[PDB]
Chemist: 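This is the structure I have questions about; it appears just below.
Hydrogens, waters and symmetry mates play no part in the numbers below; they use all other heavy atoms, side chains included. Convention: sequence-line order gives letters A, B, ...; per-chain numbering from 1.
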Amino acid sequence: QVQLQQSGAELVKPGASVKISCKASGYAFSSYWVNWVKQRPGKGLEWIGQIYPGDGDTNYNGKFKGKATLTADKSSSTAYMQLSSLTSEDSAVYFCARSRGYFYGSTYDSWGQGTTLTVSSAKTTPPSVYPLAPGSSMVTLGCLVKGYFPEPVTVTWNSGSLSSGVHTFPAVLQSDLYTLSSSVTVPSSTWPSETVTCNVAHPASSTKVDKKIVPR
Amino acid sequence: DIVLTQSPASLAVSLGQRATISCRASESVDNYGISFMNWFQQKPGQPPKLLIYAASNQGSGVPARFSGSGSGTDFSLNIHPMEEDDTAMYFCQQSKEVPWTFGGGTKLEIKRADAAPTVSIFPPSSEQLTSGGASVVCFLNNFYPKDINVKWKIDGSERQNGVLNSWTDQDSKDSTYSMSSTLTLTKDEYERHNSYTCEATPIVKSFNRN
């Protein structure tokens, strides 16, 4: 199938540059424009520019001229976007997207998954992971993932096999550190007679933690 | 540049009913009878997904409950019948003139019957106490409508400092909302009090520090 796969999240200090990639598969990469789009954490969508990989021609939004540089590598079917002289205003999710011809309103019809850029001088900090058991017919358990930077973390229950009855809440930022929580609700016949475990990964600090939820 | 203005910014619609979202452009987004107006849906953590291209054409795989109308500067997206998984952000977009631009977005949510939260309160973990901190966590899960008030009490007195709240986006299956509220104290402050209460407005859950 038609697919665009983007590079991973990056944390960079103000003043640096970064280059994000978008690898295409499932179609003739040279023949369709590749577009780049910015979405600020809680905001709308802005078009940065586009490149035609077959010949390297680019059209830019003037708002991003001298901030963004678009290139392409035909041989590996990969488009690149470099962002320079970075500031906190560049912290955002960036998407690549294939667009179609005028027969299709020149619409986007395939998107990469997004790459999150964090531009900050704050220091990478791993989470503390705290299991939440009741003070003690359904029982709710929790996992508090406190004091990490940058985003994201990944939280699962029982290595992902416990997926129903879960709520994982958006992180909150305070004093350059994030905190989030996750709840899981299970039948009382399944805990603590059976085991429930919170699994947390924080890729930016190369940390993985498993904490069983132990009855009190 | 072409500015796209969406109306309304937020909309709530009942299951089975019709949602209409409007997009007005500062200048025409058509030429030669072709429209360069496109509509997208975006769910949390995902890229936008095409619904309607060139004003009125369903994208590949897009259901007939989505339709588009308009020409020149005036466009609209219709969804009928509304379904639970249609809770999402919706954007119009024009590809007529570089730079391509998007509307500001419309948050479309589903109406349903009111539901009280399932409330759970948790003392600080022993692990956190060994490092000198004490977070008390309260979950208020699967409620409707989204507007809810959480109140903390310590030994009977309302407590507002040290509280941080987070809300989920509307559930795509049951149309409810959930929230977490965390009260963070030092270990020494936590150990100075006995009863900790979380209230939803009330539904009350408490524990006593033992």
Chemist: Hey, does the side chain of B/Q170 reach the backbone of B/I110 with a donor-acceptor pair shorter than 3.5 angstrom?
Modeler: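 Yes, B/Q170 side chain to B/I110 backbone: donor-acceptor pair under 3.5 Å.
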
Chemist: For A/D210, is there any backbone N or O sitting under 3.5 Å from a side-chain donor or acceptor partner on A/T197?
Modeler: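 No, A/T197 side chain to A/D210 backbone: no donor-acceptor pair under 3.5 Å.
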
Chemist: State, to 0.1 Å, how close A/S110 and A/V2 come at their nearest heavy-atom pair, and which atoms those are.
Modeler: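 Where A/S110 meets A/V2 most closely, the heavy atoms are OG-CG1, 3.6 Å.
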
Chemist: How long is the gap from CD on B/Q94 to CD on B/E27, to the nearest 0.5 Å?
Modeler: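 B/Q94 CD to B/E27 CD: 8.0 Å, rounded to 0.5 Å.
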
Chemist: Counting distance only, does the side-chain N/O of A/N61 pair as donor-acceptor with the main-chain N or O of A/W47 below 3.5 Å?
Modeler: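 A pair under 3.5 Å: yes.
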
Chemist: Calculate, to the nearest 0.5 Å, the distance between atoms CD and OG1 belonging to A/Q5 and A/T115 respectively.
Modeler: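 Answer rounded to 0.5 Å: 8.5 Å.
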
Chemist: I need the A/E46 CD to B/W100 CH2 distance, nearest 0.5 Å.
Modeler: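 Reported to 0.5 Å precision, the distance equals 16.0 Å.
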
Chemist: May I ask you to check if A/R98 and A/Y27 form a cation-pi contact, with NZ or CZ under 6.0 angstrom from the six-membered ring centre and within 45° of the axis?
Modeler: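 Yes.
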
Chemist: Please report the closest heavy-atom contact between A/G147 and A/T179, naming both atoms and the distance.
Modeler: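 Heavy atoms only, the tightest pair is N-OG1, 3.4 Å.
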
Chemist: Just checking, any donor-acceptor pair under 3.5 angstrom between side chains of B/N78 and B/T20?
Modeler: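 Indeed, the side chains of B/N78 and B/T20 share at least one donor-acceptor pair under 3.5 Å.
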
Chemist: Does the side chain of B/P47 come within less than 4.5 Å of B/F40's, by heavy atoms?
Modeler: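 Result no, sub-4.5 Å side-chain heavy-atom pair not found.
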
Chemist: Return yes if some donor-acceptor pair links the side-chain N/O of A/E10 with the main-chain N/O of A/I20 below 3.5 Å, else return no.
Modeler: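 Between the backbone of A/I20 and the side chain of A/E10 there is no qualifying donor-acceptor contact (under 3.5 Å).
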
Chemist: Is B/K146 atom NZ crowded by more than 12 heavy atoms from other residues, nucleotides or ligands, each under 6.0 Å away?
Modeler: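 Yes, enclosed.
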
Chemist: For B/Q160, is the CD atom crowded, meaning more than 12 foreign heavy atoms sit under 6.0 Å from it?
Modeler: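 No, not enclosed.
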
Chemist: Give a yes-or-no answer on whether the side chains of B/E109 and B/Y177 include a donor-acceptor pair shorter than 3.5 Å.
Modeler: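 Checked: B/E109/B/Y177 side chains pair up, N/O donor to acceptor below 3.5 Å.
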
Chemist: Apply the test side-chain contact (heavy atoms from CB on, under 4.5 Å) to residues B/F122 and A/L144: give CA-CA distance (whole Å), side-chain angles for both, the deciding distance (0.1 Å), then the verdict.
Modeler: CA-CA 10 Å; B/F122 298 86; A/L144 180 62; over 6 Å; no

Chemist: So, do A/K211 and A/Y130 sit near enough that their side-chain heavy atoms are less than 4.5 Å apart?
Modeler: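 Side-chain contact under 4.5 Å: no.
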
Chemist: Which atom pair, heavy atoms only, marks the closest approach of A/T107 to B/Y53?
Modeler: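 Looking at all heavy atoms of both residues, the closest pair is CG2-CB, 3.9 Å.
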
Chemist: Ring-plane angle category for B/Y190 and B/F207, please: parallel below 30°, perpendicular beyond 60°, tilted otherwise.
Modeler: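 Aromatic pair B/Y190/B/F207 classed tilted.
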
Chemist: Taking atom CG of B/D114 as the centre, does the number of heavy atoms from other residues, nucleotides or ligands within less than 6.0 Å exceed 12?
Modeler: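 More than 12 heavy atoms, drawn from other residues, nucleotides or ligands, come within 6.0 Å of this atom.
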
Chemist: Nearest heavy-atom pair of B/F75 and B/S35: which atoms, and what distance?
Modeler: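 Distance-wise, the nearest heavy atoms are CE2-OG, 3.5 Å.
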
Chemist: At what distance, to the nearest 0.5 angstrom, does SG of A/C96 lie from CD of A/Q113?
Modeler: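 The distance works out to 7.5 Å.
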
Chemist: Would you call A/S91 and A/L117 a side-chain contact if the rule is heavy atoms closer than 4.5 Å?
Modeler: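 A/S91 does not reach A/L117 side chain to side chain.
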
Chemist: State whether a side-chain donor-acceptor pair under 3.5 Å links A/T207 with A/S205.
Modeler: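 Distance-only check passes for A/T207 and A/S205.
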
Chemist: Under 3.5 Å, side chain of B/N38 to main-chain N/O of A/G105, donor-acceptor pair present?
Modeler: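 Here the side-chain-to-backbone pair exists.
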
Chemist: For a quick test of reading the model, state the closest non-hydrogen atom pair linking A/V166 to A/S182 and the distance between them.
Modeler: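 For A/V166 versus A/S182, the nearest heavy atoms are CG1-OG, 3.8 Å.
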
Chemist: Apply the test side-chain contact (heavy atoms from CB on, under 4.5 Å) to residues B/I121 and B/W152: give CA-CA distance (whole Å), side-chain angles for both, the deciding distance (0.1 Å), then the verdict.
Modeler: CA-CA 11 Å; B/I121 192 175; B/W152 285 91; 4.0 Å; yes

Chemist: Do the charged groups of A/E89 and A/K67 touch, with an N to O distance under 4.0 Å?
Modeler: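 Salt bridge flag = no for A/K67 with A/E89.
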
Chemist: Less than 4.5 Å apart, any side-chain heavy atom of A/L83 and any of A/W36?
Modeler: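 Counting from C-beta outward, A/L83 and A/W36 never come under 4.5 Å.
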
Chemist: Is a side-chain donor-acceptor pair under 3.5 Å present for B/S135 with B/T184?
Modeler: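 B/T184 vs B/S135: donor-acceptor pair found between side chains.
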
Chemist: Does any donor atom in the side chain of B/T197 or B/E199 lie under 3.5 Å from an acceptor atom in the other side chain?
Modeler: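 Per modelled atom types, B/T197 and B/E199 side chains form no pair under 3.5 Å.
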
Chemist: Less than 4.5 Å apart, side chain to side chain, heavy atoms only: is that true for B/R65 and B/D86?
Modeler: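 Heavy-atom side-chain distance check passes, below 4.5 Å.
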
Chemist: Quick one: does A/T125's side chain have a donor or acceptor within less than 3.5 Å of a partner on A/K123's backbone?
Modeler: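 Yes; at least one donor-acceptor contact below 3.5 Å.
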
Chemist: Within the side chain of B/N142, is there an N or O that forms a donor-acceptor pair under 3.5 Å with the backbone of B/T176?
Modeler: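 A pair under 3.5 Å: no.
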
Chemist: Check for a donor-acceptor pair, side chain of B/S166 on one end and backbone N or O of A/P170 on the other, with a separation under 3.5 Å.
Modeler: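 Yes: the side chain of B/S166 pairs with the backbone of A/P170.
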
Chemist: Below 4.5 Å, heavy atoms only, C-beta onward: do A/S17 and A/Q82 meet side chain to side chain?
Modeler: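 They are in side-chain contact.
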
Chemist: May I ask you to decide if B/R24's main-chain N or O and B/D74's side chain share a donor-acceptor pair within less than 3.5 Å?
Modeler: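 Checked: no pair found.
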
Chemist: Give a yes or no on whether the backbone of B/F91 and the side-chain of B/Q42 come within a donor-acceptor separation of less than 3.5 Å.
Modeler: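 Checking the backbone N and O of B/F91 against the side chain of B/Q42, no donor-acceptor pair under 3.5 Å is found.
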
Chemist: Quick check on B/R112: does its CZ atom have over 12 non-hydrogen neighbours (other residues, nucleotides or ligands) under 6.0 Å away?
Modeler: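 Check passes, neighbour count above 12.
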
Chemist: Look at atom NZ of B/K43 and say whether more than 12 heavy atoms of other residues, nucleotides or ligands are closer to it than 6.0 Å.
Modeler: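 Yes, the 6.0 Å shell around NZ holds more than 12 heavy atoms from other groups.
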
Chemist: Can A/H167 and B/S178 be counted as having a side-chain donor-acceptor contact under 3.5 angstrom?
Modeler: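 There is such a pair (donor and acceptor under 3.5 Å, judged by atom type) between the side chains of A/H167 and B/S178.
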
Chemist: Will you find, in the side chains of B/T201 and B/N149, an N or O donor that is under 3.5 Å from an N or O acceptor?
Modeler: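 Their side chains do not contain a donor-acceptor pair, so the 3.5 Å distance test is not met.
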
Chemist: Taking all heavy atoms of A/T195 and all of A/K212, pick out the closest pair and write down the distance.
Modeler: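 Closest pair (atom of A/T195, atom of A/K212, distance): CG2-CD, 3.7 Å.
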
Chemist: Is the closest side-chain heavy-atom distance between B/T168 and A/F169 below 4.5 Å?
Modeler: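 Yes; the side chains approach each other to less than 4.5 Å.
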
Chemist: Hey, is NZ on B/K187 packed in by over 12 heavy atoms from elsewhere, all under 6.0 Å?
Modeler: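 No, not enclosed.
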
Chemist: Test side-chain contact (heavy atoms from CB on, under 4.5 Å) on B/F36 and B/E97 and set out the steps.
Modeler: CA-CA 9 Å; B/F36 300 89; B/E97 186 190 77; over 6 Å; no

Chemist: So B/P48 and A/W111, do their side chains get closer than 4.5 Å, heavy atoms only?
Modeler: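 Yes, close enough: below the 4.5 Å cut-off.
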
Chemist: Say whether B/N141 and A/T140, considering side chains only, have a donor N or O and an acceptor N or O under 3.5 Å apart.
Modeler: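 Their side chains do not contain a donor-acceptor pair, so the 3.5 Å distance test is not met.
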
Chemist: Please report the interatomic distance CG(A/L132) to CZ(B/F139), rounded to the nearest 0.5 Å.
Modeler: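 Answer rounded to 0.5 Å: 5.5 Å.
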
Chemist: To the closest 0.5 Å, what do you measure between CG (A/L180) and NZ (A/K146)?
Modeler: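 A/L180 atom CG to A/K146 atom NZ measures 11.0 Å (nearest 0.5 Å).
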
Chemist: Is the closest side-chain donor-acceptor distance between B/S172 and B/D85 under 3.5 Å?
Modeler: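 Short answer, no.
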
